[PDB]
Amino acid sequence: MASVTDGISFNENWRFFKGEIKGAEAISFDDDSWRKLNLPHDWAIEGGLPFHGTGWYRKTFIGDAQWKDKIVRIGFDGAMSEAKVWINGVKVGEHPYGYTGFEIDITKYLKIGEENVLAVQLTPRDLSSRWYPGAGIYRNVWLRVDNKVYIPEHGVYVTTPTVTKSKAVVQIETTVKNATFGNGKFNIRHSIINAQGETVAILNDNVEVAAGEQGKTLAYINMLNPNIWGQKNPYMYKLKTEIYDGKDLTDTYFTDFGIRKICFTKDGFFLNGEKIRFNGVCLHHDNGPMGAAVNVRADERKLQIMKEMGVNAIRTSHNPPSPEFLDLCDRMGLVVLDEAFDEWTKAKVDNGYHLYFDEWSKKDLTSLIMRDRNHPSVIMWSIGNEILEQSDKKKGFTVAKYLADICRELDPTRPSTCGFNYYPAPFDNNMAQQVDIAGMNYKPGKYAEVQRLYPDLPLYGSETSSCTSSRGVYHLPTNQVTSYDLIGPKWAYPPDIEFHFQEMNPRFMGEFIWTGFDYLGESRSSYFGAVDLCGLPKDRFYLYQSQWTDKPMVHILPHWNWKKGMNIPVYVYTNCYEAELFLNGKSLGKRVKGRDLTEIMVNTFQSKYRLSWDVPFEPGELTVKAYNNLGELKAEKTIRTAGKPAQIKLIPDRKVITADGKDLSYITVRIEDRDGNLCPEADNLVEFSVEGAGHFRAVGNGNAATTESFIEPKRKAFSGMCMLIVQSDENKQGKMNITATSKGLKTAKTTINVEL
């Protein structure tokens, strides 16, 4: 029956056509020549890069007999953008904003036994995004077959209004729709299920709902010795909510949730009774070579890499993310600023959200909070970013309030926030006061002043640094940017400056850097990421890791393929007390952090966050030793001058992947000399073959200025490396054999095993 099922995938077996064709909405339209594919799908990754035009999707399906007299809905988590949707030729849906999901009820129009046709037209416009949006049904689609008494979309809201070590209270609001002709009282059974799948608590409730109406009800249950959700231990519970009409089960509905408390004052943010600080990153929703199509593993990898950098917090610049991304943040212990919009009523781009803000702002923000208010990862609702209303002196604040009031109406359990780039406008124009917590974009030099002027505002750096670099590229002394991390736009400054102004202003909750990963644009890709587009750390990663992690480390830059005669400035990043540099054995001296300052060129800053030597380049090896204040060795790294490119090495991040059709292995591709040393500048075209249990998916190298295809089985190295991405086939177990080939280098092989 429909009573057991929450919502099943409707991603399989679609037809796609890029371009305008008239009559594609209809039941009788020949689509035998249309490309066949499974969702999710981003046609713009080809398939900055062109993201506008027209796309059609079609799916044909028999009305299953089990759907007779059922409520049937198709849930779309995201469609980019300007979507129209038909069932059996009848237009039943229209949705402009690509980042909020929507439902279409096809019940009235569904034909049981005969064929049905679901058509979706997307008409994304040019100049509708300042970053790469992608284009298509880039997020999962769901079929929802329900009995006539059921829980509608986003119909369970779980809060924890007491959280203590001895006891937490889990409060649950349930919404029930009555689509029968009869008034009824319906029983509700909440089963709270732990990490091992065992039901540990059950809460009963009920609700009277009249015919054709919707009803809500609230109950709470005690959890003794709760497993607290926290950053080191991100324990998740699961809620099974069952609806009953007398003895008959009518519906089942699942909700993941965590048990943690949050709290803020003007002096900071609090998680489970302790000062928390945001070592944060802004990320855009694309996964580079993988595009904007939702891939769970792609996101998992990105968030793991960010955690290794010391990241504990995410700002979803500048839109809602996928549920999958937030589920990952939940399971990985990251706290999230969940951001709804980039512009309000005043336009930043000709075809941005301002075209829809008047008619859609309340719907879309409501939809966001309804979708995400159960995620324990989400700690703030951010209403906007760098909005032009900041400079409307008389009335800009009204729009901020309006969105802020909506947040408070729907979820007072999390504070509102907003990213402000003007200064002092939004603080002087009563705007910053309309949200619970104010975020400054790129104003470390003003942190002290704004606290003098507005001492009752809670504050954090909503968007910081904007330093640019290209991985493993140094200019001594262009088309790429120096990985010595000095250059950026006019408002930009190096990470050292944020660190300095964070330490001087402890009331600031933290920073969210622009950006954690590189992202796709409209040079088609960004330079702002601490990690590059394909997931390879730049030196900036290590700078951040030196500041944000306890596990001892040390990093040395630049590479050591230079010309004899040159003075190379050598930088070292470490969380240790001091470090010592060694060229071929010769000690080039100690250097203590917070004492032997490095002069960064912005006017120029004496930085305590870097250790520096001036080295005359003799080739061979350069080794750095990091020590604690007792002189004990705690970390070391060794770089050496590599010779001519001789051989390809392949390093999978994972040698076993799930046989689900979606999971990936990210194989780092290294261009090495005869003795195994990375050739730090190699750009050799590498070709790839994938045989057996899976296929070639994608490829990439973190170069922003290239024009190479992400989806052809060929890619050039950039600064010694590139990345090959491979994927399982659904239900196909066994070995998957990768061969990597390049003109004049030793061929490389590796096996990826595929299970489940």
# chains A, B, ... in the order shown; residues from 1 in each chain; ligands from 1

call {"tool": "select_by_dssp", "arguments": {"residues": "stretch 62-98 of chain A", "states": "strand (DSSP E)", "output": "MDAnalysis selection string"}}
result
chainID A and resid 62 71:76 83:87 90:95

call {"tool": "write_last_selection", "arguments": {"atoms": "N, CA, C and O atoms", "output": "compact mmCIF listing (two decimals), in the first residue's frame"}}
result
# COMPACT_ATOMS: atom_id res chain seq x y z
N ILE A 62 3.30 4.38 -17.10
CA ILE A 62 2.00 3.76 -16.90
C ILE A 62 1.48 4.16 -15.52
O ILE A 62 2.21 4.10 -14.53
N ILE A 71 -3.50 10.03 -3.63
CA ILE A 71 -2.94 11.35 -3.91
C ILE A 71 -1.53 11.14 -4.47
O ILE A 71 -0.69 10.51 -3.82
N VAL A 72 -1.27 11.69 -5.65
CA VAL A 72 0.00 11.52 -6.31
C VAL A 72 0.60 12.88 -6.60
O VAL A 72 -0.06 13.71 -7.22
N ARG A 73 1.84 13.09 -6.13
CA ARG A 73 2.59 14.34 -6.35
C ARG A 73 4.00 14.06 -6.87
O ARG A 73 4.61 13.05 -6.49
N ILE A 74 4.50 14.95 -7.72
CA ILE A 74 5.88 14.92 -8.15
C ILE A 74 6.59 16.07 -7.45
O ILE A 74 6.28 17.24 -7.69
N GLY A 75 7.53 15.74 -6.58
CA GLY A 75 8.34 16.74 -5.90
C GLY A 75 9.62 16.98 -6.68
O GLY A 75 10.35 16.02 -6.94
N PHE A 76 9.87 18.24 -7.05
CA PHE A 76 11.15 18.67 -7.61
C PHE A 76 11.95 19.44 -6.55
O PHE A 76 11.50 20.49 -6.09
N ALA A 83 10.92 27.40 -14.63
CA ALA A 83 10.33 26.12 -14.99
C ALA A 83 8.84 26.25 -15.30
O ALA A 83 8.12 26.97 -14.62
N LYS A 84 8.40 25.56 -16.34
CA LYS A 84 6.99 25.27 -16.56
C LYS A 84 6.88 23.75 -16.60
O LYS A 84 7.83 23.08 -17.02
N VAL A 85 5.75 23.21 -16.13
CA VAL A 85 5.54 21.77 -16.00
C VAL A 85 4.13 21.41 -16.43
O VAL A 85 3.17 22.07 -16.03
N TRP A 86 4.01 20.34 -17.21
CA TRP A 86 2.72 19.80 -17.65
C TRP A 86 2.59 18.33 -17.28
O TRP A 86 3.58 17.60 -17.25
N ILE A 87 1.35 17.90 -17.04
CA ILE A 87 1.00 16.48 -16.96
C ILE A 87 -0.13 16.25 -17.97
O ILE A 87 -1.15 16.96 -17.95
N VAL A 90 -1.71 19.21 -19.65
CA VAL A 90 -2.30 20.26 -18.81
C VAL A 90 -1.21 20.94 -17.99
O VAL A 90 -0.50 20.27 -17.24
N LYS A 91 -1.08 22.26 -18.13
CA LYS A 91 -0.07 23.04 -17.39
C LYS A 91 -0.48 23.07 -15.92
O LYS A 91 -1.56 23.57 -15.60
N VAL A 92 0.37 22.52 -15.05
CA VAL A 92 0.05 22.36 -13.63
C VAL A 92 1.11 22.95 -12.68
O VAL A 92 1.12 22.64 -11.48
N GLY A 93 1.99 23.79 -13.22
CA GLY A 93 3.10 24.28 -12.42
C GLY A 93 4.01 25.23 -13.16
O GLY A 93 4.28 25.06 -14.35
N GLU A 94 4.48 26.24 -12.43
CA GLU A 94 5.34 27.29 -12.94
C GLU A 94 6.20 27.77 -11.77
O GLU A 94 5.66 28.17 -10.73
N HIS A 95 7.52 27.72 -11.90
CA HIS A 95 8.41 28.03 -10.79
C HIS A 95 9.69 28.75 -11.25
O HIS A 95 10.55 28.13 -11.89

call {"tool": "residues_around", "arguments": {"residues": "residue A:579", "least_positions_apart": "6", "cutoff": "7 Å", "atoms": "only C-alpha atoms", "output": "number ranges by chain"}}
result
A: 590-592, 624-627

call {"tool": "residues_around", "arguments": {"residues": "residue A:397", "least_positions_apart": "6", "cutoff": "10 Å", "atoms": "only C-alpha atoms", "output": "PyMOL selection string"}}
result
chain A and resi 389-391+426-427+429-435

call {"tool": "closest_atom_pairs", "arguments": {"of": "stretch 250-327 of chain A", "to": "stretch 448-460 of chain A", "cutoff": "9 Å", "atoms": "only C-alpha atoms", "output": "Markdown table"}}
result
| residue | atom | partner | partner_atom | distance |
| --- | --- | --- | --- | --- |
| A:264 | CA | A:458 | CA | 7.9 |
| A:265 | CA | A:458 | CA | 6.5 |
| A:266 | CA | A:458 | CA | 4.1 |
| A:267 | CA | A:458 | CA | 6.5 |
| A:268 | CA | A:458 | CA | 6.7 |
| A:269 | CA | A:458 | CA | 8.6 |
| A:278 | CA | A:460 | CA | 8.4 |

call {"tool": "write_last_selection", "arguments": {"atoms": "N, CA, C and O atoms", "output": "PDB file, in the first residue's frame"}}
result
ATOM      1  N   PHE A 264      22.804  32.991  21.358  1.00  0.00           N
ATOM      2  CA  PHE A 264      23.699  34.073  21.024  1.00  0.00           C
ATOM      3  C   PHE A 264      23.428  35.307  21.891  1.00  0.00           C
ATOM      4  O   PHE A 264      22.309  35.566  22.335  1.00  0.00           O
ATOM      5  N   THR A 265      24.498  36.047  22.132  1.00  0.00           N
ATOM      6  CA  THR A 265      24.452  37.351  22.754  1.00  0.00           C
ATOM      7  C   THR A 265      25.258  38.280  21.851  1.00  0.00           C
ATOM      8  O   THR A 265      25.831  37.855  20.839  1.00  0.00           O
ATOM      9  N   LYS A 266      25.328  39.542  22.239  1.00  0.00           N
ATOM     10  CA  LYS A 266      26.169  40.503  21.545  1.00  0.00           C
ATOM     11  C   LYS A 266      27.666  40.126  21.583  1.00  0.00           C
ATOM     12  O   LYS A 266      28.443  40.604  20.751  1.00  0.00           O
ATOM     13  N   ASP A 267      28.065  39.291  22.544  1.00  0.00           N
ATOM     14  CA  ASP A 267      29.466  38.897  22.712  1.00  0.00           C
ATOM     15  C   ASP A 267      29.851  37.571  22.071  1.00  0.00           C
ATOM     16  O   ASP A 267      31.031  37.212  22.090  1.00  0.00           O
ATOM     17  N   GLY A 268      28.888  36.843  21.500  1.00  0.00           N
ATOM     18  CA  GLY A 268      29.217  35.652  20.712  1.00  0.00           C
ATOM     19  C   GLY A 268      28.131  34.612  20.541  1.00  0.00           C
ATOM     20  O   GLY A 268      27.003  34.773  21.021  1.00  0.00           O
ATOM     21  N   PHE A 269      28.501  33.540  19.841  1.00  0.00           N
ATOM     22  CA  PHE A 269      27.603  32.430  19.525  1.00  0.00           C
ATOM     23  C   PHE A 269      27.909  31.221  20.423  1.00  0.00           C
ATOM     24  O   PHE A 269      29.062  31.006  20.800  1.00  0.00           O
ATOM     25  N   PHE A 278      33.450  30.580  14.408  1.00  0.00           N
ATOM     26  CA  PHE A 278      33.285  30.143  13.024  1.00  0.00           C
ATOM     27  C   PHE A 278      34.607  30.231  12.252  1.00  0.00           C
ATOM     28  O   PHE A 278      35.046  31.321  11.884  1.00  0.00           O
TER      29      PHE A 278
END

call {"tool": "atom_distance", "arguments": {"atom1": "atom CA of residue A:45", "atom2": "atom CA of residue A:295"}}
result
14.0 Å

call {"tool": "select_by_dssp", "arguments": {"residues": "stretch 380-441 of chain A", "states": "alpha helix (DSSP H)", "output": "PyMOL selection string"}}
result
chain A and resi 396-410+425-428

call {"tool": "write_last_selection", "arguments": {"atoms": "C-alpha atoms", "output": "short mmCIF file (atom, residue, chain, number, x, y, z; two decimals), in the first residue's frame"}}
result
data_model
loop_
_atom_site.label_atom_id
_atom_site.label_comp_id
_atom_site.auth_asym_id
_atom_site.auth_seq_id
_atom_site.Cartn_x
_atom_site.Cartn_y
_atom_site.Cartn_z
CA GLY A 396 16.02 49.83 2.60
CA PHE A 397 15.54 48.63 6.22
CA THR A 398 11.84 47.82 5.58
CA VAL A 399 12.72 45.01 3.19
CA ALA A 400 15.27 43.54 5.66
CA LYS A 401 12.68 43.65 8.47
CA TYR A 402 10.08 42.04 6.20
CA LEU A 403 12.32 39.03 5.55
CA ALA A 404 13.49 39.03 9.18
CA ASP A 405 9.89 38.92 10.46
CA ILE A 406 9.18 35.93 8.20
CA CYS A 407 12.16 34.06 9.71
CA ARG A 408 10.88 34.76 13.27
CA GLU A 409 7.28 33.79 12.37
CA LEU A 410 8.39 30.41 10.97
CA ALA A 425 25.33 52.51 5.28
CA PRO A 426 23.34 49.49 6.57
CA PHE A 427 24.51 50.16 10.16
CA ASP A 428 23.67 53.91 9.94
#

call {"tool": "closest_atom_pairs", "arguments": {"of": "stretch 206-257 of chain A", "to": "stretch 165-175 of chain A", "cutoff": "10 Å", "atoms": "only C-alpha atoms", "output": "CSV"}}
result
residue,atom,partner,partner_atom,distance
A:206,CA,A:174,CA,9.1
A:207,CA,A:175,CA,8.7
A:209,CA,A:175,CA,9.9
A:214,CA,A:175,CA,7.0
A:215,CA,A:175,CA,5.7
A:216,CA,A:175,CA,4.5
A:217,CA,A:174,CA,5.4
A:218,CA,A:173,CA,4.4
A:219,CA,A:172,CA,5.5
A:220,CA,A:171,CA,4.1
A:221,CA,A:170,CA,5.5
A:222,CA,A:169,CA,4.6
A:223,CA,A:168,CA,5.1
A:224,CA,A:167,CA,4.4
A:225,CA,A:166,CA,4.7
A:226,CA,A:167,CA,6.2
A:227,CA,A:165,CA,8.3
A:228,CA,A:165,CA,7.6
A:239,CA,A:172,CA,9.8
A:241,CA,A:174,CA,8.6
A:243,CA,A:174,CA,9.8
A:257,CA,A:170,CA,9.8

call {"tool": "closest_residue", "arguments": {"among": "A:600, A:725, A:678, A:553", "to": "residue A:577", "atoms": "only C-alpha atoms"}}
result
A:553

call {"tool": "residues_around", "arguments": {"residues": "residue A:497", "least_positions_apart": "2", "cutoff": "10 Å", "atoms": "only C-alpha atoms", "output": "PDB file with C-alpha atoms, in the first residue's frame"}}
result
ATOM      1  CA  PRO A 444      38.210  43.880   9.105  1.00  0.00           C
ATOM      2  CA  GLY A 445      39.631  47.429   9.387  1.00  0.00           C
ATOM      3  CA  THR A 464      36.333  37.539   4.196  1.00  0.00           C
ATOM      4  CA  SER A 465      39.706  37.913   2.405  1.00  0.00           C
ATOM      5  CA  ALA A 492      40.494  42.043  -1.034  1.00  0.00           C
ATOM      6  CA  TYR A 493      43.255  41.460   1.488  1.00  0.00           C
ATOM      7  CA  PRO A 494      45.300  38.427   2.481  1.00  0.00           C
ATOM      8  CA  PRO A 495      44.098  35.925   5.130  1.00  0.00           C
ATOM      9  CA  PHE A 499      43.333  36.717  11.409  1.00  0.00           C
ATOM     10  CA  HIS A 500      44.906  39.872  12.920  1.00  0.00           C
ATOM     11  CA  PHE A 501      41.572  41.725  13.171  1.00  0.00           C
ATOM     12  CA  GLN A 502      39.812  38.564  14.493  1.00  0.00           C
ATOM     13  CA  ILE A 600      53.343  40.732   3.260  1.00  0.00           C
ATOM     14  CA  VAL A 602      49.127  44.555   0.334  1.00  0.00           C
ATOM     15  CA  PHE A 605      51.951  44.252   6.782  1.00  0.00           C
ATOM     16  CA  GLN A 606      54.283  42.634   9.330  1.00  0.00           C
ATOM     17  CA  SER A 607      52.595  39.189   9.483  1.00  0.00           C
ATOM     18  CA  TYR A 609      51.168  34.019  10.487  1.00  0.00           C
TER      19      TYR A 609
END

call {"tool": "closest_atom_pairs", "arguments": {"of": "stretch 73-136 of chain A", "to": "stretch 307-320 of chain A", "cutoff": "10 Å", "atoms": "only C-alpha atoms", "output": "JSON lines"}}
result
{"residue": "A:78", "atom": "CA", "partner": "A:320", "partner_atom": "CA", "distance": 9.9}
{"residue": "A:97", "atom": "CA", "partner": "A:319", "partner_atom": "CA", "distance": 9.9}
{"residue": "A:98", "atom": "CA", "partner": "A:319", "partner_atom": "CA", "distance": 9.3}
{"residue": "A:99", "atom": "CA", "partner": "A:320", "partner_atom": "CA", "distance": 5.7}
{"residue": "A:100", "atom": "CA", "partner": "A:320", "partner_atom": "CA", "distance": 6.8}
{"residue": "A:101", "atom": "CA", "partner": "A:320", "partner_atom": "CA", "distance": 9.7}
{"residue": "A:130", "atom": "CA", "partner": "A:318", "partner_atom": "CA", "distance": 10.0}
{"residue": "A:131", "atom": "CA", "partner": "A:318", "partner_atom": "CA", "distance": 9.4}

call {"tool": "write_last_selection", "arguments": {"atoms": "N, CA, C and O atoms", "output": "PDB file, in the first residue's frame"}}
result
ATOM      1  N   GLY A  78      14.783  20.983  -7.165  1.00  0.00           N
ATOM      2  CA  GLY A  78      15.447  22.112  -7.823  1.00  0.00           C
ATOM      3  C   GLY A  78      15.433  21.974  -9.338  1.00  0.00           C
ATOM      4  O   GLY A  78      15.739  20.905  -9.873  1.00  0.00           O
ATOM      5  N   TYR A  97      12.338  30.632  -9.382  1.00  0.00           N
ATOM      6  CA  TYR A  97      13.605  30.505  -8.624  1.00  0.00           C
ATOM      7  C   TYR A  97      14.170  29.088  -8.642  1.00  0.00           C
ATOM      8  O   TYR A  97      13.520  28.150  -8.195  1.00  0.00           O
ATOM      9  N   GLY A  98      15.393  28.937  -9.138  1.00  0.00           N
ATOM     10  CA  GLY A  98      15.967  27.612  -9.346  1.00  0.00           C
ATOM     11  C   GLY A  98      16.427  26.867  -8.110  1.00  0.00           C
ATOM     12  O   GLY A  98      16.685  25.667  -8.183  1.00  0.00           O
ATOM     13  N   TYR A  99      16.514  27.570  -6.981  1.00  0.00           N
ATOM     14  CA  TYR A  99      17.095  27.033  -5.762  1.00  0.00           C
ATOM     15  C   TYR A  99      16.088  26.597  -4.702  1.00  0.00           C
ATOM     16  O   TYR A  99      16.494  26.013  -3.701  1.00  0.00           O
ATOM     17  N   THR A 100      14.798  26.874  -4.889  1.00  0.00           N
ATOM     18  CA  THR A 100      13.775  26.308  -4.011  1.00  0.00           C
ATOM     19  C   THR A 100      13.041  25.212  -4.756  1.00  0.00           C
ATOM     20  O   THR A 100      12.838  25.294  -5.975  1.00  0.00           O
ATOM     21  N   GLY A 101      12.655  24.174  -4.023  1.00  0.00           N
ATOM     22  CA  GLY A 101      11.896  23.072  -4.589  1.00  0.00           C
ATOM     23  C   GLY A 101      10.417  23.401  -4.674  1.00  0.00           C
ATOM     24  O   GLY A 101       9.960  24.381  -4.084  1.00  0.00           O
ATOM     25  N   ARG A 130      25.270  35.808 -11.090  1.00  0.00           N
ATOM     26  CA  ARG A 130      26.638  36.322 -11.014  1.00  0.00           C
ATOM     27  C   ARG A 130      27.690  35.226 -10.801  1.00  0.00           C
ATOM     28  O   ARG A 130      28.882  35.512 -10.779  1.00  0.00           O
ATOM     29  N   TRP A 131      27.234  33.988 -10.613  1.00  0.00           N
ATOM     30  CA  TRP A 131      28.083  32.803 -10.547  1.00  0.00           C
ATOM     31  C   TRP A 131      27.422  31.763 -11.431  1.00  0.00           C
ATOM     32  O   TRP A 131      26.278  31.940 -11.828  1.00  0.00           O
TER      33      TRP A 131
END

call {"tool": "residues_around", "arguments": {"residues": "residue A:377", "least_positions_apart": "5", "cutoff": "7 Å", "atoms": "only C-alpha atoms", "output": "PDB file with N, CA, C and O atoms, in the first residue's frame"}}
result
ATOM      1  N   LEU A 326      22.940  19.546   2.973  1.00  0.00           N
ATOM      2  CA  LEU A 326      22.634  19.800   4.390  1.00  0.00           C
ATOM      3  C   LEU A 326      22.625  18.519   5.223  1.00  0.00           C
ATOM      4  O   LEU A 326      23.104  18.534   6.358  1.00  0.00           O
ATOM      5  N   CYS A 329      26.225  18.019   6.001  1.00  0.00           N
ATOM      6  CA  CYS A 329      26.625  18.929   7.074  1.00  0.00           C
ATOM      7  C   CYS A 329      26.130  18.437   8.434  1.00  0.00           C
ATOM      8  O   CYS A 329      26.898  18.441   9.389  1.00  0.00           O
ATOM      9  N   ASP A 330      24.863  18.016   8.508  1.00  0.00           N
ATOM     10  CA  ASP A 330      24.293  17.347   9.695  1.00  0.00           C
ATOM     11  C   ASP A 330      25.170  16.170  10.159  1.00  0.00           C
ATOM     12  O   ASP A 330      25.599  16.128  11.308  1.00  0.00           O
ATOM     13  N   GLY A 333      28.905  17.327  11.268  1.00  0.00           N
ATOM     14  CA  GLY A 333      29.071  18.247  12.378  1.00  0.00           C
ATOM     15  C   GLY A 333      29.391  19.683  12.045  1.00  0.00           C
ATOM     16  O   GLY A 333      29.874  20.414  12.908  1.00  0.00           O
ATOM     17  N   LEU A 334      29.101  20.112  10.826  1.00  0.00           N
ATOM     18  CA  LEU A 334      29.352  21.491  10.419  1.00  0.00           C
ATOM     19  C   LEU A 334      28.108  22.332  10.686  1.00  0.00           C
ATOM     20  O   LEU A 334      27.004  21.860  10.468  1.00  0.00           O
ATOM     21  N   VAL A 335      28.294  23.570  11.152  1.00  0.00           N
ATOM     22  CA  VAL A 335      27.182  24.498  11.364  1.00  0.00           C
ATOM     23  C   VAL A 335      27.032  25.371  10.135  1.00  0.00           C
ATOM     24  O   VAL A 335      28.023  25.729   9.518  1.00  0.00           O
ATOM     25  N   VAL A 336      25.790  25.703   9.779  1.00  0.00           N
ATOM     26  CA  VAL A 336      25.472  26.278   8.466  1.00  0.00           C
ATOM     27  C   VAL A 336      24.701  27.593   8.572  1.00  0.00           C
ATOM     28  O   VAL A 336      23.762  27.699   9.336  1.00  0.00           O
TER      29      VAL A 336
END

call {"tool": "atom_distance", "arguments": {"atom1": "atom CA of residue A:483", "atom2": "atom CA of residue A:551"}}
result
23.8 Å

call {"tool": "closest_residue", "arguments": {"among": "A:163, A:754, A:281, A:195", "to": "residue A:513", "atoms": "only C-alpha atoms"}}
result
A:281

call {"tool": "closest_residue", "arguments": {"among": "A:511, A:350, A:498, A:242", "to": "residue A:276", "atoms": "only C-alpha atoms"}}
result
A:511

call {"tool": "closest_residue", "arguments": {"among": "A:570, A:156, A:298, A:646", "to": "residue A:697", "atoms": "only C-alpha atoms"}}
result
A:298

call {"tool": "residues_around", "arguments": {"residues": "residue A:668", "least_positions_apart": "4", "cutoff": "8 Å", "atoms": "only C-alpha atoms", "output": "ChimeraX atom specification"}}
result
/A:650-653,721-724

call {"tool": "write_last_selection", "arguments": {"atoms": "N, CA, C and O atoms", "output": "PDB file, in the first residue's frame"}}
result
ATOM      1  N   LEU A 650      48.813   7.215 -10.341  1.00  0.00           N
ATOM      2  CA  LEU A 650      47.379   7.341 -10.103  1.00  0.00           C
ATOM      3  C   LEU A 650      47.079   7.054  -8.642  1.00  0.00           C
ATOM      4  O   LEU A 650      47.473   6.012  -8.130  1.00  0.00           O
ATOM      5  N   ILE A 651      46.399   7.993  -7.982  1.00  0.00           N
ATOM      6  CA  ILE A 651      46.043   7.872  -6.568  1.00  0.00           C
ATOM      7  C   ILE A 651      44.534   8.090  -6.420  1.00  0.00           C
ATOM      8  O   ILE A 651      44.067   9.227  -6.378  1.00  0.00           O
ATOM      9  N   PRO A 652      43.768   6.988  -6.372  1.00  0.00           N
ATOM     10  CA  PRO A 652      42.362   7.057  -5.981  1.00  0.00           C
ATOM     11  C   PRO A 652      42.222   7.506  -4.536  1.00  0.00           C
ATOM     12  O   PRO A 652      43.020   7.098  -3.682  1.00  0.00           O
ATOM     13  N   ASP A 653      41.246   8.371  -4.276  1.00  0.00           N
ATOM     14  CA  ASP A 653      40.899   8.732  -2.906  1.00  0.00           C
ATOM     15  C   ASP A 653      40.232   7.540  -2.223  1.00  0.00           C
ATOM     16  O   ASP A 653      40.407   7.334  -1.029  1.00  0.00           O
ATOM     17  N   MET A 721      49.712  18.116 -11.678  1.00  0.00           N
ATOM     18  CA  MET A 721      48.596  17.204 -11.425  1.00  0.00           C
ATOM     19  C   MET A 721      47.370  17.534 -12.246  1.00  0.00           C
ATOM     20  O   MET A 721      47.203  18.658 -12.726  1.00  0.00           O
ATOM     21  N   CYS A 722      46.528  16.514 -12.401  1.00  0.00           N
ATOM     22  CA  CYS A 722      45.123  16.667 -12.796  1.00  0.00           C
ATOM     23  C   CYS A 722      44.284  15.577 -12.092  1.00  0.00           C
ATOM     24  O   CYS A 722      44.808  14.821 -11.276  1.00  0.00           O
ATOM     25  N   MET A 723      42.983  15.528 -12.375  1.00  0.00           N
ATOM     26  CA  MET A 723      42.053  14.693 -11.613  1.00  0.00           C
ATOM     27  C   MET A 723      41.129  13.974 -12.574  1.00  0.00           C
ATOM     28  O   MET A 723      40.511  14.610 -13.421  1.00  0.00           O
ATOM     29  N   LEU A 724      41.040  12.654 -12.414  1.00  0.00           N
ATOM     30  CA  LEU A 724      40.168  11.801 -13.204  1.00  0.00           C
ATOM     31  C   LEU A 724      39.079  11.303 -12.291  1.00  0.00           C
ATOM     32  O   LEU A 724      39.360  10.792 -11.211  1.00  0.00           O
TER      33      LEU A 724
END

call {"tool": "closest_residue", "arguments": {"among": "A:12, A:672, A:213, A:338", "to": "residue A:57", "atoms": "only C-alpha atoms"}}
result
A:12

call {"tool": "decode", "arguments": {"residues": "stretch 177-187 of chain A", "atoms": "N, CA and C atoms", "output": "short mmCIF file (atom, residue, chain, number, x, y, z; two decimals), in the first residue's frame"}}
result
data_model
loop_
_atom_site.label_atom_id
_atom_site.label_comp_id
_atom_site.auth_asym_id
_atom_site.auth_seq_id
_atom_site.Cartn_x
_atom_site.Cartn_y
_atom_site.Cartn_z
N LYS A 177 -3.18 16.36 6.48
CA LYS A 177 -4.17 16.73 5.47
C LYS A 177 -5.25 15.66 5.43
N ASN A 178 -6.51 16.09 5.46
CA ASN A 178 -7.68 15.22 5.30
C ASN A 178 -8.31 15.49 3.92
N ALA A 179 -8.08 14.58 2.97
CA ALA A 179 -8.62 14.69 1.62
C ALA A 179 -9.88 13.82 1.40
N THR A 180 -10.43 13.24 2.47
CA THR A 180 -11.67 12.45 2.39
C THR A 180 -12.85 13.42 2.42
N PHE A 181 -14.07 12.87 2.34
CA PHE A 181 -15.29 13.66 2.55
C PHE A 181 -15.76 13.66 4.02
N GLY A 182 -15.03 12.97 4.90
CA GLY A 182 -15.43 12.81 6.31
C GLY A 182 -14.47 13.43 7.32
N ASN A 183 -15.04 14.12 8.31
CA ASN A 183 -14.30 14.61 9.48
C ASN A 183 -13.79 13.40 10.26
N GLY A 184 -12.57 13.50 10.78
CA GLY A 184 -11.98 12.41 11.58
C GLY A 184 -11.00 12.88 12.64
N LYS A 185 -10.77 12.00 13.63
CA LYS A 185 -9.66 12.10 14.57
C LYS A 185 -8.65 11.03 14.18
N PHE A 186 -7.38 11.41 14.02
CA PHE A 186 -6.35 10.47 13.57
C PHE A 186 -5.22 10.35 14.59
N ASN A 187 -4.77 9.12 14.86
CA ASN A 187 -3.67 8.91 15.80
C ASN A 187 -2.33 9.10 15.11
#
